[PDB]
Number of protein chains: 2
Amino acid sequence: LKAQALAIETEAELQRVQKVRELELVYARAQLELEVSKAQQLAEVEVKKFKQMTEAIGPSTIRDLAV
Amino acid sequence: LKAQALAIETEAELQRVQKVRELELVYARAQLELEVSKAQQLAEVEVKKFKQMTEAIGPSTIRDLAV
């Protein structure tokens with residue numbers, strides 16, 4: 001009888017944990033997408049800032065300005 | 001009689017542990033997939049940032065700018 005009651009409570013618990021972890025997986029995937037969009041857009045504006053600045057100053061000036 | 005009751009409780013426990021570990025394996029696999037997607041997308045945006053920056057500055061400038 002203990003085995004039967006354990007079977008019932010185990011089946012209910014496993015259905016719950018399955019649904020919870022499935023929706024948690026979907027929301028973590030959406031957080032991943034928003035994170036990588038943030039990272040690539042900030043990286044792109046950093047690259048554009050550096051490129052226009054080192055174009056405006058010229059590489060020959062920074063070749064001997066750091067030393 | 002102790003052997004028979006041990007057989008019943010052992011069979012119930014092993015069915016429970018089998019189902020629990022199977023769904024835990026599936027969810028750990030899904031976490032692995034999301035992790036490797038995160039790692040490769042952040043690595044790709046890092047590589048693109050470094051490549052465009054070292055293209056904008058030129059390798060001859062960084063050849064003697066670090067020393």
# chains A, B, ... in the order shown; residues from 1 in each chain; ligands from 1

$ closest_atom_pairs --of "chain A" --to "chain B" --cutoff "8 Å" --atoms "only C-alpha atoms" --output "JSON lines"
{"residue": "A:2", "atom": "CA", "partner": "B:9", "partner_atom": "CA", "distance": 7.9}
{"residue": "A:3", "atom": "CA", "partner": "B:12", "partner_atom": "CA", "distance": 5.6}
{"residue": "A:6", "atom": "CA", "partner": "B:12", "partner_atom": "CA", "distance": 7.5}
{"residue": "A:7", "atom": "CA", "partner": "B:12", "partner_atom": "CA", "distance": 7.1}
{"residue": "A:10", "atom": "CA", "partner": "B:16", "partner_atom": "CA", "distance": 6.7}
{"residue": "A:14", "atom": "CA", "partner": "B:20", "partner_atom": "CA", "distance": 7.1}
{"residue": "A:18", "atom": "CA", "partner": "B:23", "partner_atom": "CA", "distance": 7.4}
{"residue": "A:21", "atom": "CA", "partner": "B:27", "partner_atom": "CA", "distance": 7.2}
{"residue": "A:25", "atom": "CA", "partner": "B:31", "partner_atom": "CA", "distance": 7.5}
{"residue": "A:29", "atom": "CA", "partner": "B:34", "partner_atom": "CA", "distance": 6.7}
{"residue": "A:32", "atom": "CA", "partner": "B:38", "partner_atom": "CA", "distance": 6.7}
{"residue": "A:36", "atom": "CA", "partner": "B:42", "partner_atom": "CA", "distance": 6.7}
{"residue": "A:39", "atom": "CA", "partner": "B:45", "partner_atom": "CA", "distance": 7.5}
{"residue": "A:40", "atom": "CA", "partner": "B:45", "partner_atom": "CA", "distance": 5.8}
{"residue": "A:43", "atom": "CA", "partner": "B:49", "partner_atom": "CA", "distance": 6.2}
{"residue": "A:44", "atom": "CA", "partner": "B:49", "partner_atom": "CA", "distance": 7.1}
{"residue": "A:47", "atom": "CA", "partner": "B:53", "partner_atom": "CA", "distance": 6.1}
{"residue": "A:50", "atom": "CA", "partner": "B:53", "partner_atom": "CA", "distance": 7.1}
{"residue": "A:51", "atom": "CA", "partner": "B:56", "partner_atom": "CA", "distance": 5.5}
{"residue": "A:54", "atom": "CA", "partner": "B:57", "partner_atom": "CA", "distance": 6.7}
{"residue": "A:55", "atom": "CA", "partner": "B:56", "partner_atom": "CA", "distance": 7.7}
{"residue": "A:59", "atom": "CA", "partner": "B:57", "partner_atom": "CA", "distance": 6.5}
{"residue": "A:60", "atom": "CA", "partner": "B:61", "partner_atom": "CA", "distance": 7.8}
{"residue": "A:62", "atom": "CA", "partner": "B:61", "partner_atom": "CA", "distance": 7.6}
{"residue": "A:63", "atom": "CA", "partner": "B:61", "partner_atom": "CA", "distance": 5.4}
{"residue": "A:64", "atom": "CA", "partner": "B:65", "partner_atom": "CA", "distance": 7.8}
{"residue": "A:66", "atom": "CA", "partner": "B:65", "partner_atom": "CA", "distance": 6.7}
{"residue": "A:67", "atom": "CA", "partner": "B:65", "partner_atom": "CA", "distance": 7.4}

$ calpha_fit_and_write --fixed "chain B" --moving "chain A" --output "tab-separated table (two decimals) with N, CA and C atoms, in the first residue's frame"
chain	number	residue	atom	x	y	z
A	1	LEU	N	9.22	-13.40	4.78
A	1	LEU	CA	8.25	-12.32	4.66
A	1	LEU	C	8.93	-10.95	4.55
A	2	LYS	N	10.04	-10.77	5.28
A	2	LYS	CA	10.85	-9.57	5.15
A	2	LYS	C	11.41	-9.43	3.75
A	3	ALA	N	11.78	-10.56	3.13
A	3	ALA	CA	12.25	-10.55	1.75
A	3	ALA	C	11.16	-10.10	0.78
A	4	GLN	N	9.92	-10.55	0.99
A	4	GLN	CA	8.83	-10.13	0.10
A	4	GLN	C	8.53	-8.64	0.21
A	5	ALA	N	8.49	-8.12	1.44
A	5	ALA	CA	8.22	-6.69	1.61
A	5	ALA	C	9.36	-5.83	1.07
A	6	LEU	N	10.60	-6.33	1.20
A	6	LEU	CA	11.75	-5.64	0.62
A	6	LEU	C	11.67	-5.61	-0.90
A	7	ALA	N	11.18	-6.70	-1.50
A	7	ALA	CA	11.01	-6.74	-2.96
A	7	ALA	C	10.00	-5.71	-3.44
A	8	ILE	N	8.87	-5.59	-2.74
A	8	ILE	CA	7.84	-4.61	-3.13
A	8	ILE	C	8.37	-3.18	-3.03
A	9	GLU	N	8.96	-2.83	-1.88
A	9	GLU	CA	9.42	-1.46	-1.70
A	9	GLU	C	10.61	-1.14	-2.61
A	10	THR	N	11.43	-2.14	-2.94
A	10	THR	CA	12.55	-1.93	-3.85
A	10	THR	C	12.06	-1.66	-5.26
A	11	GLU	N	11.07	-2.42	-5.73
A	11	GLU	CA	10.54	-2.21	-7.08
A	11	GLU	C	9.91	-0.83	-7.23
A	12	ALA	N	9.14	-0.40	-6.22
A	12	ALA	CA	8.54	0.93	-6.26
A	12	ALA	C	9.60	2.03	-6.26
A	13	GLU	N	10.60	1.90	-5.39
A	13	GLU	CA	11.66	2.90	-5.31
A	13	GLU	C	12.46	2.99	-6.60
A	14	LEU	N	12.71	1.85	-7.24
A	14	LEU	CA	13.54	1.87	-8.45
A	14	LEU	C	12.77	2.44	-9.64
A	15	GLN	N	11.46	2.20	-9.72
A	15	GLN	CA	10.66	2.86	-10.75
A	15	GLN	C	10.65	4.38	-10.57
A	16	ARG	N	10.53	4.84	-9.31
A	16	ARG	CA	10.58	6.27	-9.03
A	16	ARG	C	11.92	6.89	-9.43
A	17	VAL	N	13.02	6.27	-9.00
A	17	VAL	CA	14.35	6.82	-9.27
A	17	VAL	C	14.66	6.81	-10.76
A	18	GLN	N	14.15	5.80	-11.49
A	18	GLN	CA	14.33	5.75	-12.94
A	18	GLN	C	13.64	6.92	-13.63
A	19	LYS	N	12.37	7.19	-13.27
A	19	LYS	CA	11.64	8.29	-13.90
A	19	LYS	C	12.26	9.66	-13.58
A	20	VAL	N	12.65	9.85	-12.31
A	20	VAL	CA	13.26	11.10	-11.87
A	20	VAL	C	14.56	11.37	-12.62
A	21	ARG	N	15.43	10.35	-12.70
A	21	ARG	CA	16.72	10.56	-13.35
A	21	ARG	C	16.58	10.71	-14.86
A	22	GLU	N	15.56	10.10	-15.46
A	22	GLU	CA	15.35	10.28	-16.90
A	22	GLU	C	14.95	11.71	-17.23
A	23	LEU	N	13.99	12.27	-16.49
A	23	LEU	CA	13.62	13.66	-16.77
A	23	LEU	C	14.72	14.65	-16.38
A	24	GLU	N	15.50	14.32	-15.35
A	24	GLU	CA	16.63	15.17	-14.99
A	24	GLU	C	17.69	15.18	-16.09
A	25	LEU	N	17.89	14.03	-16.74
A	25	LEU	CA	18.82	13.94	-17.86
A	25	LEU	C	18.36	14.79	-19.04
A	26	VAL	N	17.06	14.75	-19.35
A	26	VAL	CA	16.53	15.55	-20.46
A	26	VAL	C	16.69	17.04	-20.19
A	27	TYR	N	16.39	17.47	-18.96
A	27	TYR	CA	16.51	18.90	-18.65
A	27	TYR	C	17.96	19.36	-18.60
A	28	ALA	N	18.88	18.49	-18.16
A	28	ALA	CA	20.30	18.85	-18.18
A	28	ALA	C	20.83	18.95	-19.60
A	29	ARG	N	20.31	18.12	-20.51
A	29	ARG	CA	20.66	18.23	-21.92
A	29	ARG	C	20.19	19.55	-22.52
A	30	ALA	N	18.98	19.99	-22.15
A	30	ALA	CA	18.47	21.26	-22.66
A	30	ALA	C	19.27	22.45	-22.10
A	31	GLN	N	19.67	22.37	-20.83
A	31	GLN	CA	20.56	23.38	-20.27
A	31	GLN	C	21.91	23.41	-20.98
A	32	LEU	N	22.43	22.24	-21.37
A	32	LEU	CA	23.67	22.18	-22.13
A	32	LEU	C	23.54	22.88	-23.48
A	33	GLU	N	22.42	22.66	-24.16
A	33	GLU	CA	22.21	23.29	-25.47
A	33	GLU	C	22.15	24.80	-25.34
A	34	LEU	N	21.43	25.30	-24.32
A	34	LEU	CA	21.34	26.75	-24.14
A	34	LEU	C	22.68	27.35	-23.75
A	35	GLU	N	23.47	26.61	-22.95
A	35	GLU	CA	24.79	27.08	-22.54
A	35	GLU	C	25.74	27.20	-23.73
A	36	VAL	N	25.75	26.18	-24.60
A	36	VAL	CA	26.70	26.23	-25.71
A	36	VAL	C	26.27	27.27	-26.74
A	37	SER	N	24.96	27.52	-26.87
A	37	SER	CA	24.50	28.60	-27.74
A	37	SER	C	24.95	29.96	-27.22
A	38	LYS	N	24.84	30.17	-25.90
A	38	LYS	CA	25.34	31.39	-25.27
A	38	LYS	C	26.83	31.58	-25.50
A	39	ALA	N	27.61	30.52	-25.27
A	39	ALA	CA	29.06	30.60	-25.39
A	39	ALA	C	29.49	30.92	-26.81
A	40	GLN	N	28.86	30.29	-27.80
A	40	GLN	CA	29.29	30.52	-29.17
A	40	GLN	C	28.84	31.88	-29.69
A	41	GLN	N	27.68	32.39	-29.25
A	41	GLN	CA	27.26	33.71	-29.73
A	41	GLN	C	28.09	34.83	-29.10
A	42	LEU	N	28.39	34.72	-27.80
A	42	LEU	CA	29.27	35.72	-27.18
A	42	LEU	C	30.69	35.65	-27.72
A	43	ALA	N	31.17	34.44	-28.03
A	43	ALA	CA	32.49	34.31	-28.64
A	43	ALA	C	32.52	34.92	-30.03
A	44	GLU	N	31.43	34.76	-30.79
A	44	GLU	CA	31.39	35.32	-32.14
A	44	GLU	C	31.36	36.84	-32.12
A	45	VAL	N	30.59	37.44	-31.20
A	45	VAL	CA	30.56	38.90	-31.18
A	45	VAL	C	31.87	39.46	-30.64
A	46	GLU	N	32.56	38.72	-29.76
A	46	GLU	CA	33.89	39.13	-29.32
A	46	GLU	C	34.90	39.09	-30.47
A	47	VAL	N	34.85	38.02	-31.28
A	47	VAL	CA	35.76	37.89	-32.41
A	47	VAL	C	35.51	38.98	-33.45
A	48	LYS	N	34.24	39.30	-33.70
A	48	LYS	CA	33.92	40.34	-34.68
A	48	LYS	C	34.36	41.72	-34.19
A	49	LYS	N	34.19	41.99	-32.89
A	49	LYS	CA	34.67	43.25	-32.32
A	49	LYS	C	36.19	43.38	-32.43
A	50	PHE	N	36.92	42.32	-32.05
A	50	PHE	CA	38.38	42.35	-32.13
A	50	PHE	C	38.86	42.48	-33.57
A	51	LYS	N	38.19	41.80	-34.50
A	51	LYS	CA	38.62	41.81	-35.90
A	51	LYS	C	38.41	43.18	-36.53
A	52	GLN	N	37.24	43.79	-36.30
A	52	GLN	CA	37.00	45.12	-36.85
A	52	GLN	C	37.88	46.18	-36.19
A	53	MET	N	38.18	46.02	-34.90
A	53	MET	CA	39.05	46.99	-34.24
A	53	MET	C	40.50	46.88	-34.71
A	54	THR	N	41.04	45.66	-34.81
A	54	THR	CA	42.40	45.51	-35.30
A	54	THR	C	42.50	45.71	-36.81
A	55	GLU	N	41.38	45.70	-37.53
A	55	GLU	CA	41.39	46.15	-38.91
A	55	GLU	C	41.43	47.67	-38.99
A	56	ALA	N	40.66	48.34	-38.13
A	56	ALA	CA	40.62	49.80	-38.11
A	56	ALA	C	41.93	50.42	-37.64
A	57	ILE	N	42.69	49.75	-36.78
A	57	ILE	CA	43.95	50.32	-36.31
A	57	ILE	C	45.15	49.86	-37.14
A	58	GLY	N	45.08	48.70	-37.79
A	58	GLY	CA	46.18	48.21	-38.58
A	58	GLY	C	47.20	47.44	-37.76
A	59	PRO	N	47.70	46.33	-38.31
A	59	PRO	CA	48.65	45.50	-37.54
A	59	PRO	C	50.02	46.15	-37.36
A	60	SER	N	50.42	47.03	-38.27
A	60	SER	CA	51.72	47.69	-38.15
A	60	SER	C	51.76	48.69	-37.00
A	61	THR	N	50.61	49.24	-36.61
A	61	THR	CA	50.57	50.15	-35.47
A	61	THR	C	50.63	49.38	-34.16
A	62	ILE	N	49.90	48.26	-34.07
A	62	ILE	CA	49.93	47.44	-32.86
A	62	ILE	C	51.21	46.61	-32.77
A	63	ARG	N	51.98	46.54	-33.86
A	63	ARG	CA	53.26	45.83	-33.84
A	63	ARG	C	54.27	46.54	-32.95
A	64	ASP	N	54.19	47.87	-32.85
A	64	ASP	CA	55.09	48.63	-32.00
A	64	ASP	C	54.36	49.52	-30.99
A	65	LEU	N	53.04	49.41	-30.89
A	65	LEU	CA	52.31	50.17	-29.88
A	65	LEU	C	52.28	49.48	-28.52
A	66	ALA	N	52.38	48.15	-28.49
A	66	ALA	CA	52.39	47.45	-27.21
A	66	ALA	C	53.74	47.52	-26.51
A	67	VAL	N	54.81	47.79	-27.25
A	67	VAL	CA	56.15	47.87	-26.67
A	67	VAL	C	56.70	49.28	-26.81
